[PDB]
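Asks: Sharing a structure below in structure tokens format, with a few things to ask.
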Amino acid sequence: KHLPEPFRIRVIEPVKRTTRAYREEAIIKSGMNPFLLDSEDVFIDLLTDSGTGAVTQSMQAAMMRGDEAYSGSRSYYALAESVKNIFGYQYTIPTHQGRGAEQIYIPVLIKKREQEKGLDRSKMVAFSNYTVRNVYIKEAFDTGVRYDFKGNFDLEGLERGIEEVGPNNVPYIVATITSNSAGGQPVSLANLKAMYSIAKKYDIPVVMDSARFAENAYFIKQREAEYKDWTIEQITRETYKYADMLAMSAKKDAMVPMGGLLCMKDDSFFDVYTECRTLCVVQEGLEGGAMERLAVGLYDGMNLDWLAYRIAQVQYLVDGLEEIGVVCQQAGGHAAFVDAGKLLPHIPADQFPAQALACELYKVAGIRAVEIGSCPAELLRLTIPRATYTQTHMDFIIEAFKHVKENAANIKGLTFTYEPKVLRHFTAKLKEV
Amino acid sequence: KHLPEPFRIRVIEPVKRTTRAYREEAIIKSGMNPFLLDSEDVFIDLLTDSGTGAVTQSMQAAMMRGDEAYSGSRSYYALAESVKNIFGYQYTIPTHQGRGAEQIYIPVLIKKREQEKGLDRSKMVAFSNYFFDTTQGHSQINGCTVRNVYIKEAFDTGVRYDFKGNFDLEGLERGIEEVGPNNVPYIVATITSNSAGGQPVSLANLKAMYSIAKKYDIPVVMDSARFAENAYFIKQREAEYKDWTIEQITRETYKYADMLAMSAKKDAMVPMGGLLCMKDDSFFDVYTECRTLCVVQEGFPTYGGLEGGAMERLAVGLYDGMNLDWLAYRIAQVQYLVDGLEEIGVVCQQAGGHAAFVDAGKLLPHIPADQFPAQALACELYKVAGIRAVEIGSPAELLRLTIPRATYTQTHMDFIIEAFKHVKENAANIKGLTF
Amino acid sequence: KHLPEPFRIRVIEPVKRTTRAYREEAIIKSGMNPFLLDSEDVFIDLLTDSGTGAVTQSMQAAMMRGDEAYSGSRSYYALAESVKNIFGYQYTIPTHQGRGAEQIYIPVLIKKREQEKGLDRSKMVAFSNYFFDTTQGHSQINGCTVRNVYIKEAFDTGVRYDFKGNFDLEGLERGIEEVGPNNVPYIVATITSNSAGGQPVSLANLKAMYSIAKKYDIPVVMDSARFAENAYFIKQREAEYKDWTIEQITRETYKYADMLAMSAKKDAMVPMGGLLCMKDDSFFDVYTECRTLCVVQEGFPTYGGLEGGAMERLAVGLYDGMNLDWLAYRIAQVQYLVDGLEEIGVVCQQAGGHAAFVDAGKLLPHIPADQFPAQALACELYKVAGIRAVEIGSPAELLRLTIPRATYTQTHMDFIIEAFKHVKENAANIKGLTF
Amino acid sequence: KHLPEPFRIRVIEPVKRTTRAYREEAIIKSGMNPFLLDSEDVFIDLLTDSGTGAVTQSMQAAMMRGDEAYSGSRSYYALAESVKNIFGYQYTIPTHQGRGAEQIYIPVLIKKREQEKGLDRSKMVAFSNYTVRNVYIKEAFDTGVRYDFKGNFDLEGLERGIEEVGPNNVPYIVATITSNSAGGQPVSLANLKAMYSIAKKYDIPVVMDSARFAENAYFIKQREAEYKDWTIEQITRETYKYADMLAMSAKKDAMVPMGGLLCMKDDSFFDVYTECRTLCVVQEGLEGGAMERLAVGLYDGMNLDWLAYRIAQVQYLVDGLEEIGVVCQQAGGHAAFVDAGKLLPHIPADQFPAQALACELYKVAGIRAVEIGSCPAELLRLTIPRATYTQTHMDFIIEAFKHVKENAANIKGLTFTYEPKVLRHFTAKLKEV
């Protein structure tokens with residue numbers, strides 16, 4: 001069941017209404033790739049939830065108070081300072097997105113090692129619950145074994161892959177939270193701890209990748225026995241003792257439209273922080289009010305009632321769709337991968353099911369989701385933008401997904417009428433087979 | 001069936017949780033009276049729909065372009081500018097809210113007649129298909145009393161009549177000679193009408209009344225707080241206009257008054273502001289005098305006590321507030337709540353545009369009007385759910401669920417029906433009160 | 001010497017240029033009266049300092065955290081919350097602006113005495129070291145007249161006396177028996193005083209008067225629109241307090257009244273809002289009745305017609321408005337304008353906190369009060385410079401340059417002195433008027 | 001003379017006041033590199049004017065209307081659409097700063113040529129009024145020959161350097177506006193035209209680099225005979241016919257705190273635009289309200305009265321300082337390079353004059369500017385943040401610069417107490433000699 005929203009709506013952005021008549025000129029002119037579709041034509045946009053969700057009034061006021069100093073920025077203090085209280089790292093380097101924080105730490109952490117341990121470039125390899133090589137447990141992808149912390153570190157797997165390497169050629173460990181395998185599964189503190197030690201020994205750096213830190217917190221609280229009674233920050237603080245440094249995209253749990261963070265725990269890492277400052281000068285990051293905001297989203301992203309709500313309703317949508325037996329090739333907190341061949345068995349791989357599915361939803365409700373499938377299987381993917389849509393929204397979606405599945409029969413398929421050299425799915429244009 | 005929100009949500013105000021215990025401490029504290037309950041103790045505050053719901057991005061950006069000149073503010077123009085298009089009136093005085101309009105225009109209109117028609121101070125009576133607290137309080141409190149001329153068919157929770165709050169044209173007709181037209185200083189027309197639980201008025205009905213008014217020639221002040229919900233009802237219900245747009249209907253609608261006085265806190269969806277406007281030169285005279293008064297009361301008529309940004313905003317509210325889809329959603333929802341409530345068997349007045357009314361005593365009947373059956377329901381509701389409702393009373397004193405725009409979802413809706421359920425099945429262990 | 005602005009500028013409202021020609025069309029149009037000049041025709045609008053100057057980032061962010069509950073809004077608390085700290089009063093009614101406070105509190109205070117002291121309706125008189133338009137208009141317009149008890153030394157543009165707008169303690173003393181203390185319903189204390197051209201009042205002077213008031217025991221309402229500029233003057237001038245902070249002085253200051261009524265449009269630097277407050281339980285009685293009235297006039301005392309965001313903002317205005325540096329700059333500047341004006345030889349009243357006054361007739365003397373020498377200066381100023389000034393008059397009717405906070409720079413300052421120069425040397429080819 | 005501001009101030013950010021007492025703990029703890037100084041301690045920050053100036057109320061409202069679509073973003077339309085009306089290019093690709101737009105076009109334009117003309121990588125070279133090689137006229141750096149359009153293209157110089165190369169190894173021409181040599185000098189339309197033709201022939205791409213497009217407009221209007229009577233957009237439109245594509249940092253003339261732009265004129269370049277979309281997917285860019293804003297700053301940046309004002313007062317500051325004979329090693333619209341050895345003759349190169357100068361200003365007024373000098377000469381540099389400070393501000397500065405020049409005698413010098421491996425000036429800490 002869907003929980004009632006633990007807030008009041010104060011500011012809304014209008015969406016017009018669409019006769020299926022109209023919704024077709026549209027998808028036609030889109031040339032059947034909904035990406036290439038005007039929003040403002042999309043009724044319910046499901047294309048992604050990365051900073052496309054709502055904000056709190058404090059977040060808004062925050063944006064009014066930017067001090068746009070280009071140094072010693074009192075705003076920057078605030079941002080880095082809420083980082084110290086929330087995560088207790090003292091080394092905040094605002095980036096402007098997630099992708100930011102990586103483009104900076106990869107090349108440094110590599111070099112730190114290539115030097116004081118003498119790593120070998122062409123035979124180097126990084127590890128991760130989710131080149132990296134992903135060391136996740138066996139339950140991981142077993143939709144239909146209820147394991148509570150599904151994206152944990154395979155401690156042993158990792159152990160092995162380290163010397164299988166061995167220590168001098170692993171620059172770091174990323175520990176994504178929540179883990180990003182299988183539409184987003186939690187990682188336990190006990191596991192987090194565990195894994196961290198497996199690094200202390202071979203002395204490797206541990207980079208906590210936390211776009212969904214708040215959610216992961218909640219799962220630990222909902223589920224790890226011995227925490228059931230810690231608050232979200234309490235959890236989160238403790239959590240962060242098991243990494244040296246954190247790299248996040250604020251556009252998720254932090255609740256802001258723009259923003260990235262790359263930060264460091266203590267001066268045992270000031271050494272590194274020093275070199276990212278050096279690197280960051282040539283590239284990447286942010287408006288002063290941006291910082292004031294993110295400084296707040298950080299605390300706002302963690303309110304319990306909210307996360308409970310947020311996760312509630314992602315859940316609710318999925319329960320909603322199994323109830324009408326729509327196949328999901330995985331379901332979690334990040335996304336929802338409906339399976340399209342199953343929902344649409346009589347349309348081949350080179351006729352494209354996902355696009356086709358995508359367009360129908362579109363015609364029928366005006367939902368915009370996304371062929372993520374091409375070759376393993378053909379998936380069409382859902383995500384939900386925080387504090388943006390309702391249960392009625394969810395209902396409309398679900399229901400729309402019925403009508404699809406009933407006309408599953410005379411819904412057609414697609415064959416290229418233009419396709420660019422790389423990344424076909426972003427601007428290709430299709431027709432049926 | 002709840003309609004899905006015709007909009008994405010953009011900015012929310014998060015709200016604290018609660019302990020049943022605490023809540024009790026709270027209501028006990030409130031004078032046993034949810035009304036004086038504090039904002040952060042309530043979880044769904046249905047106290048009133050007046051300036052409490054959401055605004056549009058455009059609305060809010062608008063609030064950053066205030067021109068704050070004390071006199072002849074660009075913003076004042078922008079607002080008059082839109083009053084002309086939306087309603088077609090040419091004389092636009094901004095007041096800070098409806099009470100403003102009203103403390104200004106009654107006494108103005110009361111002197112118009114005391115002279116050119118020699119009206120009798122102590123024998124005077126003003127008419128309306130209803131009057132708000134403010135309207136009659138400010139008319140009782142000025143010397144002149146009102147009498148309502150609603151239809152027989154009015155609050156009858158049995159028959160479902162499409163325009164449930166029209167003017168009784170005849171009961172009005174009568175009332176006019178019955179008091180000597182020299183002495184009706186003005187007729188107020190409320191749209192939608194407040195005390196029907198929010199019931200429509202017909203264009204046709206409007207026409208007809210306007211005729212009687214041009215007849216003894218009496219000012220007609222459209223009271224306009226929910227002008228948009230009214231217009232919608234027409235579009236869905238009055239035969240001729242099924243095909244027009246909302247402004248379109250609005251516009252027609254607004255031919256039948258020499259002036260409008262209005263609270264922008266409801267339909268126009270500003271947190272603050274009201275309008276006092278006149279239609280054409282046949283009234284510039286009045287405008288002139290109103291303008292005079294306004295200084296003294298709200299301040300200079302370039303602001304009538306609005307800041308620049310507020311004018312800017314209302315100037316866009318007035319638009320946004322008419323958007324079709326939106327009111328279809330807004331109304332739907334009030335509606336979906338009422339249906340939700342019939343099915344658990346709670347007798348409530350017809351779906352108006354904005355609130356929902358509840359037969360107090362029936363849901364709990366073994367309570368007599370000595371101990372009050374309206375209030376304890378409030379208290380209870382809150383006690384149990386963290387809902388705040390209140391009882392402004394209307395035969396039978398009863399319970400009102402006014403409903404802030406764009407603020408709560410189907411789910412909040414469902415959570416309220418719910419509490420009425422929990423409440424039903426404890427009517428047995430449930431008491432009465434004297435505050 | 002202009003002090004440099006103690007702040008970076010963050011958000012500006014760009015302003016249209018002008019053709020001398022057009023400007024003339026414009027003033028001719030205005031009724032020959034700059035006042036009704038339109039906002040975008042003016043280039044430096046000195047019409048009044050009331051809600052027209054700048055706000056702080058904090059102020060403005062604040063406006064995004066409104067809680068908009070009709071009753072018991074978190075924001076209402078935040079605001080009362082800061083009234084307590086800043087002034088130490090415990091009874092905080094928000095009105096939408098000073099007129100509000102005043103339409104509420106006069107009549108309230110007028111019944112206090114009509115009963116417990118049996119005051120005589122028709123024989124009643126209220127006292128003050130001055131009264132604004134609104135204050136006396138709302139007291140003339142309520143039955144009770146005022147008399148001002150300013151000092152001999154008051155408007156004398158010759159002597160420079162540090163606290164130029166004190167109470168004549170004795171001229172007051174006298175006036176009280178002279179009218180029978182049963183009949184003074186209240187004394188209003190203005191700080192700074194408006195009609196001195198903005199002149200300070202002394203803490204000492206305040207004390208002394210408060211004594212006389214506790215004596216015949218009469219309510220003292222501090223009228224508080226420029227309470228901060230007042231406090232500063234003291235800090236720079238009253239001997240004992242040279243060392244304290246502004247709140248510090250404020251606080252002391254505010255012991256000597258049983259209540260304050262206030263317009264936040266000036267010193268507290270909100271675009272909109274006013275306060276009506278009482279100090280301690282010795283008055284909760286009053287508060288109680290004021291609260292009653294407010295409904296009828298501004299609306300429910302959790303907002304007194306303010307939106308949530310406005311409460312939030314003023315709640316931070318009240319602070320920001322006392323910042324030292326700021327008022328040092330604010331005042332400096334008014335000052336630097338006056339000096340600028342003496343040196344081209346224009347006789348103007350002492351530097352008050354906020355405006356600048358001008359001997360009308362002197363700068364142009366071969367104009368007699370038949371043709372008006374105040375107005376044509378206005379017109380001219382504007383005609384020539386795109387300045388708008390106005391003449392609210394004060395012996396001799398004269399010209400006022402009130403000056404919006406944080407809005408115009410030294411340069412704008414210089415550009416105004418300038419026009420007075422251009423204007424001087426054309427007094428020869430310059431005329432008089434009858435509108 | 002300083003012109004009065006053609007606006008009203010509405011929103012101010014507070015700055016506290018500082019006893020020189022206090023201003024010293026400060027610069028000390030800064031370790032004598034003012035960069036490392038808390039703003040909020042700086043009275044008048046002169047560190048830079050890149051998006052650290054003010055905005056219009058329309059700019060502010062604009063930021064309230066972001067539609068934060070992750071595609072077909074109605075906001076994006078607005079931004080790209082004001083770009084079409086202002087510059088008439090149809091290919092807007094918002095970046096998130098100036099530096100953005102380059103990191104994208106360099107590598108593409110190189111490749112466009114390396115292929116359809118067959119450029120040679122190690123012997124390739126780009127040209128510019130200001131590797132590139134700068135082809136500016138002889139007057140350029142002659143402080144004290146009043147030439148009105150000082151940063152123009154040396155047509156002949158360029159001519160030569162092209163074949164001296166020849167055409168196949170010049171990927172493009174950048175044409176910075178205003179040109180960035182010698183603290184910012186204009187470029188004439190006639191010159192712009194001229195130069196463009198010198199590319200049409202060898203068919204080279206012309207990339208208009210326009211962080212200060214509005215100012216440059218004004219100079220042309222103030223100065224090119226035959227335009228004296230065109231408006232700023234009129235000028236600007238015409239201007240842009242002489243490039244194929246434009247790369248700007250909105251943080252200057254566009255008047256926003258965040259933002260970049262990379263855009264293209266017509267489909268003769270759609271070809272290229274296509275590949276930058278490809279490249280841009282892996283990296284770089286912006287909040288929806290950001291776009292709404294910049295869409296407005298674009299028009300706002302151009303109001304005449306304003307630019308006149310803005311340039312006025314930059315001028316005024318300089319006239320102000322020659323009047324007290326402070327030596328500027330160059331003066332223009334971008335910055336102001338005071339000469340420090342001249343102002344401070346009795347302090348050597350390895351004792352550092354600029355830092356020393358920087359600190360004194362600081363102690364005396366609380367001005368923060370910047371040693372740009374190390375070896376040619378030792379400069380300390382000023383810039384002014386738009387619509388932020390006043391004339392009184394300027395006066396305070398100027399005057400402060402007197403007191404400096406009178407105690408020119410017992411003002412000391414500096415010698416390293418820590419210096420990092422690269423970019424010493426950003427975090428080094430100094431002491432006197």
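Lettering and numbering for the structure tokens are positional, with chains as A, B, ... in the shown order, residues counted from 1 in each chain, and ligands counted from 1 in the shown order.
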May I have a table of the residues of chain D lying at most 8 Å from chain C, giving each one's closest pair of atoms and their distance in Å to one decimal, counting only C-alpha atoms, ordered by chain and ascending residue number, as JSON lines?
Replies:
{"residue": "D:2", "atom": "CA", "partner": "C:411", "partner_atom": "CA", "distance": 7.7}
{"residue": "D:3", "atom": "CA", "partner": "C:411", "partner_atom": "CA", "distance": 7.3}
{"residue": "D:4", "atom": "CA", "partner": "C:411", "partner_atom": "CA", "distance": 5.2}
{"residue": "D:5", "atom": "CA", "partner": "C:412", "partner_atom": "CA", "distance": 7.4}
{"residue": "D:6", "atom": "CA", "partner": "C:15", "partner_atom": "CA", "distance": 5.7}
{"residue": "D:7", "atom": "CA", "partner": "C:14", "partner_atom": "CA", "distance": 3.8}
{"residue": "D:8", "atom": "CA", "partner": "C:13", "partner_atom": "CA", "distance": 5.0}
{"residue": "D:9", "atom": "CA", "partner": "C:12", "partner_atom": "CA", "distance": 4.5}
{"residue": "D:10", "atom": "CA", "partner": "C:54", "partner_atom": "CA", "distance": 4.1}
{"residue": "D:11", "atom": "CA", "partner": "C:11", "partner_atom": "CA", "distance": 4.7}
{"residue": "D:12", "atom": "CA", "partner": "C:9", "partner_atom": "CA", "distance": 4.5}
{"residue": "D:13", "atom": "CA", "partner": "C:8", "partner_atom": "CA", "distance": 5.3}
{"residue": "D:14", "atom": "CA", "partner": "C:7", "partner_atom": "CA", "distance": 4.1}
{"residue": "D:15", "atom": "CA", "partner": "C:7", "partner_atom": "CA", "distance": 4.4}
{"residue": "D:16", "atom": "CA", "partner": "C:6", "partner_atom": "CA", "distance": 6.6}
{"residue": "D:17", "atom": "CA", "partner": "C:325", "partner_atom": "CA", "distance": 7.0}
{"residue": "D:53", "atom": "CA", "partner": "C:10", "partner_atom": "CA", "distance": 7.2}
{"residue": "D:54", "atom": "CA", "partner": "C:10", "partner_atom": "CA", "distance": 4.6}
{"residue": "D:55", "atom": "CA", "partner": "C:11", "partner_atom": "CA", "distance": 4.9}
{"residue": "D:56", "atom": "CA", "partner": "C:12", "partner_atom": "CA", "distance": 5.0}
{"residue": "D:57", "atom": "CA", "partner": "C:13", "partner_atom": "CA", "distance": 5.7}
{"residue": "D:60", "atom": "CA", "partner": "C:11", "partner_atom": "CA", "distance": 7.9}
{"residue": "D:305", "atom": "CA", "partner": "C:17", "partner_atom": "CA", "distance": 7.7}
{"residue": "D:387", "atom": "CA", "partner": "C:9", "partner_atom": "CA", "distance": 6.8}
{"residue": "D:388", "atom": "CA", "partner": "C:9", "partner_atom": "CA", "distance": 4.5}
{"residue": "D:389", "atom": "CA", "partner": "C:8", "partner_atom": "CA", "distance": 6.1}
{"residue": "D:390", "atom": "CA", "partner": "C:409", "partner_atom": "CA", "distance": 6.9}
{"residue": "D:391", "atom": "CA", "partner": "C:411", "partner_atom": "CA", "distance": 6.9}
{"residue": "D:392", "atom": "CA", "partner": "C:4", "partner_atom": "CA", "distance": 5.2}
{"residue": "D:393", "atom": "CA", "partner": "C:4", "partner_atom": "CA", "distance": 5.7}
{"residue": "D:396", "atom": "CA", "partner": "C:4", "partner_atom": "CA", "distance": 7.2}
Asks: For the residues in that selection, give me C-alpha atoms as a PDB file, in the first residue's frame.
Replies:
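Ended up saving to out16.pdb:
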ATOM      1  CA  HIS D   2      30.815  58.084 -13.721  1.00  0.00           C
ATOM      2  CA  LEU D   3      27.317  57.681 -14.940  1.00  0.00           C
ATOM      3  CA  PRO D   4      24.393  57.179 -12.561  1.00  0.00           C
ATOM      4  CA  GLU D   5      23.031  53.662 -12.475  1.00  0.00           C
ATOM      5  CA  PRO D   6      20.242  53.126 -14.954  1.00  0.00           C
ATOM      6  CA  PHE D   7      18.399  50.818 -12.478  1.00  0.00           C
ATOM      7  CA  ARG D   8      17.117  50.550  -8.943  1.00  0.00           C
ATOM      8  CA  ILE D   9      18.880  48.260  -6.394  1.00  0.00           C
ATOM      9  CA  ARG D  10      16.277  45.773  -4.985  1.00  0.00           C
ATOM     10  CA  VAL D  11      18.263  43.001  -3.448  1.00  0.00           C
ATOM     11  CA  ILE D  12      21.513  43.468  -1.623  1.00  0.00           C
ATOM     12  CA  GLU D  13      23.936  41.071   0.008  1.00  0.00           C
ATOM     13  CA  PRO D  14      25.459  42.539   3.313  1.00  0.00           C
ATOM     14  CA  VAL D  15      29.215  42.961   3.896  1.00  0.00           C
ATOM     15  CA  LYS D  16      30.544  43.467   7.480  1.00  0.00           C
ATOM     16  CA  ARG D  17      33.011  46.138   8.450  1.00  0.00           C
ATOM     17  CA  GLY D  53      27.982  40.352 -10.687  1.00  0.00           C
ATOM     18  CA  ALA D  54      24.268  41.048 -10.178  1.00  0.00           C
ATOM     19  CA  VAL D  55      21.096  40.090 -12.073  1.00  0.00           C
ATOM     20  CA  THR D  56      17.821  41.686 -13.205  1.00  0.00           C
ATOM     21  CA  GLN D  57      14.471  40.919 -11.699  1.00  0.00           C
ATOM     22  CA  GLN D  60      15.426  36.118 -11.125  1.00  0.00           C
ATOM     23  CA  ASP D 305      21.943  52.493 -20.891  1.00  0.00           C
ATOM     24  CA  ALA D 387      26.129  45.947 -11.321  1.00  0.00           C
ATOM     25  CA  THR D 388      27.681  45.075  -7.915  1.00  0.00           C
ATOM     26  CA  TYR D 389      29.747  48.029  -6.608  1.00  0.00           C
ATOM     27  CA  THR D 390      29.299  51.819  -6.751  1.00  0.00           C
ATOM     28  CA  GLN D 391      31.246  54.973  -7.531  1.00  0.00           C
ATOM     29  CA  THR D 392      31.767  55.437  -3.819  1.00  0.00           C
ATOM     30  CA  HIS D 393      33.122  51.929  -4.162  1.00  0.00           C
ATOM     31  CA  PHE D 396      37.303  54.009  -1.829  1.00  0.00           C
TER      32      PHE D 396
END
Asks: Name the residues of stretch 44-264 of chain C that fall into alpha helix (DSSP H) according to DSSP on the backbone, using the chain letters and numbers of this document, as a ChimeraX atom specification.
Replies: /C:57-62,74-87,98-116,133-140,169-177,203-215,227-236,246-253
Asks: Distance cut-off 6 Å, counting only C-alpha atoms - which residues of chain C neighbour chain B? Return them as a VMD selection string.
Replies: chain C and resid 38 to 39 52 68 72 to 73 271 to 272 307
Asks: Create the file for the chosen residues now, containing C-alpha atoms and written as a PDB file, in the first residue's frame.
Replies:
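The new file out_2.pdb reads:
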ATOM      1  CA  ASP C  38       3.519  56.805 -13.446  1.00  0.00           C
ATOM      2  CA  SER C  39       6.248  54.559 -12.246  1.00  0.00           C
ATOM      3  CA  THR C  52      10.151  51.067  -1.702  1.00  0.00           C
ATOM      4  CA  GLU C  68       0.411  29.657   5.047  1.00  0.00           C
ATOM      5  CA  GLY C  72      -1.480  29.507  14.132  1.00  0.00           C
ATOM      6  CA  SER C  73       1.065  29.629  11.344  1.00  0.00           C
ATOM      7  CA  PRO C 271       7.689  45.988   0.962  1.00  0.00           C
ATOM      8  CA  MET C 272       4.545  45.205   3.014  1.00  0.00           C
ATOM      9  CA  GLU C 307       0.830  36.065   3.750  1.00  0.00           C
TER      10      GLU C 307
END
Asks: Considering only C-alpha atoms, return as a list in words whatever protein or nucleic-acid residues lie within 12 Å of residue C:170, sequence-local ones (same chain, fewer than 6 positions apart) excluded.
Replies: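 Within the cut-off, the hits are residues 129, 149, 150, 151, 152, 176, 177, 178, 205, 208, 209 and 212 of chain C.
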Asks: Could you produce a table of the residues of chain D lying within 8 Å of chain A, with the nearest pair of atoms per residue and their separation in Å rounded to one decimal, using only C-alpha atoms, ordered by chain and increasing residue number, as a Markdown table?
Replies:
| residue | atom | partner | partner_atom | distance |
| --- | --- | --- | --- | --- |
| D:13 | CA | A:67 | CA | 7.7 |
| D:35 | CA | A:71 | CA | 6.7 |
| D:36 | CA | A:72 | CA | 6.7 |
| D:37 | CA | A:72 | CA | 5.9 |
| D:38 | CA | A:72 | CA | 4.3 |
| D:39 | CA | A:72 | CA | 5.3 |
| D:40 | CA | A:74 | CA | 6.9 |
| D:47 | CA | A:70 | CA | 7.4 |
| D:48 | CA | A:70 | CA | 7.4 |
| D:51 | CA | A:68 | CA | 7.9 |
| D:52 | CA | A:68 | CA | 5.7 |
| D:67 | CA | A:13 | CA | 7.7 |
| D:68 | CA | A:52 | CA | 5.7 |
| D:69 | CA | A:52 | CA | 6.7 |
| D:70 | CA | A:48 | CA | 7.4 |
| D:71 | CA | A:35 | CA | 6.7 |
| D:72 | CA | A:38 | CA | 4.3 |
| D:73 | CA | A:39 | CA | 6.0 |
| D:74 | CA | A:39 | CA | 6.7 |
| D:99 | CA | A:283 | CA | 7.3 |
| D:257 | CA | A:287 | CA | 5.9 |
| D:258 | CA | A:287 | CA | 5.9 |
| D:278 | CA | A:422 | CA | 7.6 |
| D:283 | CA | A:99 | CA | 7.3 |
| D:286 | CA | A:258 | CA | 7.1 |
| D:287 | CA | A:257 | CA | 5.9 |
| D:422 | CA | A:278 | CA | 7.6 |
| D:423 | CA | A:278 | CA | 7.9 |
Asks: Give me the residues within 12 Å of residue B:104 as a ChimeraX atom specification, counting only C-alpha atoms and dropping any in the same chain fewer than 3 places off.
Replies: /B:93-101,107-111,135,138-139,142,261-262,274-277,286-299,301,304 /C:297
Asks: DSSP on the backbone, then: every residue of stretch 151-231 of chain B marked strand (DSSP E), written as number ranges by chain.
Replies: B: 187-190, 220-223
Asks: One number please: atom CA of residue A:226 to atom CA of residue A:194, in Å, one decimal.
Replies: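 It comes out at 15.5 Å.
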